[PDB]
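# heads up, no residue letters with this:
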RNA sequence: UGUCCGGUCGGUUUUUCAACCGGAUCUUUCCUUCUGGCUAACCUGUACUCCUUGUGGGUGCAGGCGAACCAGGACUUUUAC
Ligand SMILES: [Mg+2]
Ligand SMILES: [Mg+2]
Ligand SMILES: [Zn+2]
């Protein structure tokens, strides 16, 4: 019921019944893949790409039409970033928080938030390590965090 | 987290029975759960039950007969060494005569009597009396 | 093209099917072309309980897509050709079984090939360009699994009369008793 | 219950509620026997012939009782249009 | 099972409509009641009529099934329907209770008004509630005339009806009486509006 | 809702009322509104909850402004359903 | 094991029946696989008949069903229960 806050909501995407294609909504799988690749090249993250596909074009999910997801496709092509997207975002957030703290020494809530973010990042990092995406003996923290980010 | 899905289901069923409902809706719907339900049916504690295919995990509906009294689930799946079975039964079930202690084992998910007949016990799941 | 577009061709029924296909091709706008990129792995015959009969014609699987891209018209043609019998362009699926604890690792199975999965795939195939909304499965008091298929109310013109036959076919394939249903 | 070879032991073999199945106890002061007279053609309620229903007390207490009764009636064939299967 | 004869006569339906047995209930609504037939907008609910009729019939049948007639204890506290209740009692010999119920009537075997029913009948389980409770102490069936905001705890065979009141309750009572008469009695036919009148019942001018 | 609901088949109204999640099967009630702009004669399969400043296929016309839920279709624009 | 008679000199042997616990298999199905030892067996058919009018029955050996056992590889997903 949420990781960090005490807010237990279900703001959530439903997903339709048919694993098979929504008949009429046409195009091609290959075309979709190409589009995704292009997006990746441009700079759009997998989620972003998916959103784009949903909004203007007739795509519902890549999982449906291609068979494969988006991240997987990117990997196959050679386009998934070194740091996975969510993790990267988290890191960025942490960095921002750190910066804010530096700017304004006296700020307790902010500090707490930063700490929380860091913890989250650590968790994520650990998970990644367990999986085998990010190589082991590697902490994504604070001083080098900035460097990692940019 | 949703720990012991089966346990949750059992609890729900119990609640329904207490209420005086004629039927229950169960969310997760496992293999183990299904087995348990089947066992219950065999014994004579439950009507029809139907697995909905949420193109996903599962979702069961059970027809309650008004015969169930408790449909319990023991917590960690304790390792039962055949002689201990009797003890377990004594602890849980009312009367030497009737009721069952649904325990998984090598052979399958079965009641205590069945296990005895087989000559094969294992880890407990629940009970029905 | 008699004993050619059939992967391995021994039987009379298969030959007949081939002949029919050839005849169909005789037309030749795109149908012929489609036929040229289509074959059968084998054919299997199911006796439906009530006069009619069912033809589970097995397809490789890579050609399944091609069949689908045509299918309905082709199916209709086949029906016209061979009276008193329904046709199902079914897929020949493998079913590499579950390995035991002691048994040998055949470099793992795919979950595409798992028995249940295979069955599901077959079901999907067999019911036409119509699409399943969902499935109930009823476990009855005696102890009989009865699958109950909810069909999507759009179209439902091809399936309408074939439901029993389809069920029979499914039973033959698997053993499970299927039933069909349509919501309002 | 059944000693040796039949010989039914244990008297007072209880009324079980129509709606719930739930045993109606000896001092279940709330539980009720409804008697519904048997219908015939053109008036006529057939003297000395009923569909008898037992309702347990719990149900009555709840207020789920009337509905249950209605359902039972529907099942029997004492009503039409009243109790629907789905709500 | 059923005769398939009594399918609610048109005239009866009309009468009911006039009474506004089915324009009652209002905004307020109970989860144990599916006797509605479409919500009329802004502070209204419309009641399904056929269902009500069926319920009434059932109640009548139940009443008939009681053999000893001086037994069907009709009750009414609230003023609009007392008269109706009295009328009903007069029609079909079963000692009623107009006005005050007296607690310890069905229990408490010393009381002057110690009834002992085998079938209780009520108008408003919101008001007569006490009576219902009393009945529940000693194993008696309860028939009652539910508005869709009235509680149905220890109630059976709840005839749905408008308990704003005035015409409606009385009308319902009359209908019930008629039904009772039909099921074993003088009246052998569902047809003929007959020598009685609805307006024998109803609340009177004080 | 009491005792004997008979839970496999509800009336559709109930389903509609309940959360897009809290029915029998999960099924969304968002739609691919096939929008036509006033300019070019071409149809954009616009998902009703855009989350984006939805341009046309090429021309910078602006079809739908993404409000938190369903998108407000910018100006006098015409649309088909799904 | 209850049944159906004790078919029997209070005990025993089948059938009319039973539930219960296995085993082999066939079902889109491998139970670990082979390099060889024994191939028990007939899937056999080489002479066809000791012989009630017969597919009741076996002296009998080139192709060859191996589970009837070994004796060695190959390598075992590993546990817990
Ligand atoms: Mg939650
Ligand atoms: Mg925490
Ligand atoms: Zn344009």
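Cool, the structure landed. Residues are numbered from 1 along each chain as shown, chains lettered A, B, ... in the order given. Ligands and ions are numbered 1, 2, ... in the order given.
# can you confirm residue C:95 is in a helix?
No - counting by DSSP: H, G, I helix; E, B strand; the rest coil, residue C:95 falls outside a helix, being coil.
# so which helix or strand takes in residue C:122?
Element membership for residue C:122, per DSSP states H and E: helix C:115-126.
# Please disregard the earlier target; I meant residue C:86.
Residue C:86 belongs to strand C:85-91, assigned by DSSP H and E.
# picking that back up, the helix holding residue C:122 near RNA strand G at all?
Yes - interface with RNA strand G: helix C:115-126 contributes C:115, C:118-119, C:122 (C-beta under 7 Å from any atom of the strand). Any C-beta I mention is one placed from the backbone N, CA and C, and that applies to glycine too.
# Quick check: the residue of chain E nearest chain C.
Here chain E gets closest to chain C at one residue, residue E:38, 19.7 Å apart by C-beta to the nearest C-beta.
# mind listing what's buried in the lengthiest helix in chain D?
Identified as the longest helix of chain D according to DSSP state H is helix D:65-76. In terms of neighbour count (16 or more other C-beta atoms under 10 Å in any protein chain shown), helix D:65-76 has its buried residues at D:65-74.
# just how off-centre is that helix within its chain?
Put simply, helix D:65-76 sits 9 Å off its chain's centre (C-alpha atoms, centre = their mean, to the nearest Å).
# residues making contact with that helix?
D:18-20, D:34, D:36, D:51, D:53, D:55, D:59, D:79-80, D:82-83, E:1, E:32, E:55, E:58, E:152, E:154-158, F:2-4 (C-beta atoms under 8 Å, 6 or more residues apart in numbering or on different chains).
# Counting only helices, which of those make the cut?
Residues of these located in helices (DSSP H): D:59, E:55, E:58.
# For the residue sitting nearest the centre point of chain B, which non-adjacent residue is spatially closest?
Chain B has residue B:36 as the residue nearest its centroid, 4.1 Å off, counting by C-alpha atoms, centre = their mean. Leaving aside its sequence neighbours, residue B:36 sits nearest to residue B:102 (C-beta to C-beta, 6 or more residues apart in numbering or on different chains; 5.7 Å).
# Run through the strands of chain F in chain order.
Using DSSP state E, the strands of chain F run over F:32-36, F:43-47, F:64-65, F:72-73, F:78-80.
# need those strands in TSV with mean neighbour count and distance to residue B:108, can you?
As requested, those are exported to TSV (neighbours: other C-beta atoms under 10 Å in any protein chain shown; distance: least, C-beta to C-beta, whole Å):
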stretch	mean neighbour count	distance to residue B:108
strand F:32-36	19	48
strand F:43-47	21	48
strand F:64-65	20	56
strand F:72-73	14	59
strand F:78-80	13	55
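# and the residue in chain B that chain D sits nearest to, how many residues sit next to it?
In chain B, the residue that lies nearest chain D is residue B:66 (2.8 Å; C-beta to the nearest C-beta). Neighbour count for residue B:66, taken as other C-beta atoms under 10 Å in any protein chain shown: 19.
# and residue 80, what is it in contact with?
Let's take chain A. Counting by C-beta under 8 Å, 6+ apart, residue A:80 makes contact with A:40, A:46, A:71, A:74.
# hm, I was asking about chain F
Residue F:80 makes contacts with F:33-36, F:43, as judged by C-beta under 8 Å, 6+ apart.
# partners of it in the sheet?
Assessed by DSSP bridges, residue F:80 has beta-bridge partners residue F:34.
# distance of it from residue F:44?
The gap separating residue F:80 from residue F:44 is 10 Å, by C-beta to C-beta, to the nearest Å.
# The helix holding residue C:122 vs chain B: in contact?
No - Helix C:115-126 is not in contact with chain B by C-beta under 8 Å from any C-beta of the partner chain; minimum separation 9.4 Å.
# so what does that helix touch, helix or strand wise?
strand C:85-91, helix C:159-173 (3 or more C-beta pairs under 8 Å, 6 or more residues apart in numbering or on different chains; DSSP states H and E).
# From the contact counts, what lies against the longest one?
Contact here means 3+ C-beta pairs under 8 Å, 6+ apart; on that basis helix C:159-173 packs against strand C:42-47, strand C:53-59, strand C:85-91, helix C:115-126, strand C:177-181.
# Go again with 6 Å.
Counting by 3 or more C-beta pairs under 6 Å, 6 or more residues apart in numbering or on different chains; DSSP states H and E, the packing neighbours recorded for helix C:159-173 are strand C:42-47, strand C:53-59, strand C:85-91, strand C:177-181.
# Give me the contact list for the first one.
When contacts are defined by C-beta atoms under 6 Å, 6 or more residues apart in numbering or on different chains, strand C:42-47 is touched by residues C:13-14, C:17, C:53-54, C:56-58, C:168-169, C:172.
# got the angle between it and helix C:159-173?
With axes from the mean of the first three to the mean of the last three C-alpha atoms, to 10 degrees defining the directions, strand C:42-47 sits at 110 degrees from helix C:159-173.
# where does strand C:42-47 sit relative to the chain's centre, distance-wise?
What separates the centre of strand C:42-47 from the centre of its chain is 10 Å, taken as C-alpha atoms, centre = their mean.
# That strand pairs with which strands, and in what direction?
Pairing partners of strand C:42-47, with direction, according to DSSP bridges: strand C:53-59 (antiparallel).
# close to RNA strand G, is the partner strand?
No - judged by C-beta under 7 Å from any atom of the strand, strand C:53-59 stays clear of RNA strand G, getting no closer than 8.2 Å.
# So what touches that strand?
Under the criterion C-beta under 6 Å, 6+ apart, residues C:40-44, C:46-48, C:67, C:85-92, C:165, C:169 lie in contact with strand C:53-59.
# Can you tell me which of those are buried?
For these, buried by 16+ other C-beta under 10 Å: C:40-44, C:46, C:48, C:67, C:85-92, C:165, C:169.
# Can you classify the residue lying farthest from the centre of chain A as helix, strand or coil?
Computed with C-alpha atoms, centre = their mean, the residue of chain A farthest from its C-alpha average is residue A:106, at 31.8 Å. Three-state assignment for residue A:106 (three-state DSSP): coil.
# and the residue nearest to residue B:69 when sequence neighbours are not counted, what is it in contact with?
Nearest residue to residue B:69, sequence neighbours excluded (C-beta to C-beta, 6+ apart): residue B:129, at 6.2 Å. Going by C-beta under 6 Å, 6+ apart, residue B:129 touches B:93-94, B:99.
# change it to 7 Å
Residue B:129 makes contact with B:69-70, B:93-94, B:98-99, according to C-beta atoms under 7 Å, 6 or more residues apart in numbering or on different chains.
# Reformat these into a markdown table and put neighbour count, distance to residue B:125 and secondary structure next to each item.
Converted to a markdown table, those look like this (neighbours: other C-beta atoms under 10 Å in any protein chain shown; distance: C-beta to C-beta, whole Å; DSSP: H, G, I helix; E, B strand; the rest coil):
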| residue | neighbour count | distance to residue B:125 | secondary structure |
| --- | --- | --- | --- |
| B:69 | 14 | 18 | coil |
| B:70 | 17 | 14 | coil |
| B:93 | 19 | 14 | coil |
| B:94 | 10 | 19 | coil |
| B:98 | 10 | 19 | coil |
| B:99 | 20 | 14 | coil |
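# if I look at the residue of chain B found nearest ligand 3, how far off is chain E?
In chain B, no residue comes nearer to ligand 3 than residue B:55, which is 37.2 Å away by C-beta to the ion. Between residue B:55 and chain E the computed distance is 32 Å (C-beta to the nearest C-beta, to the nearest Å).
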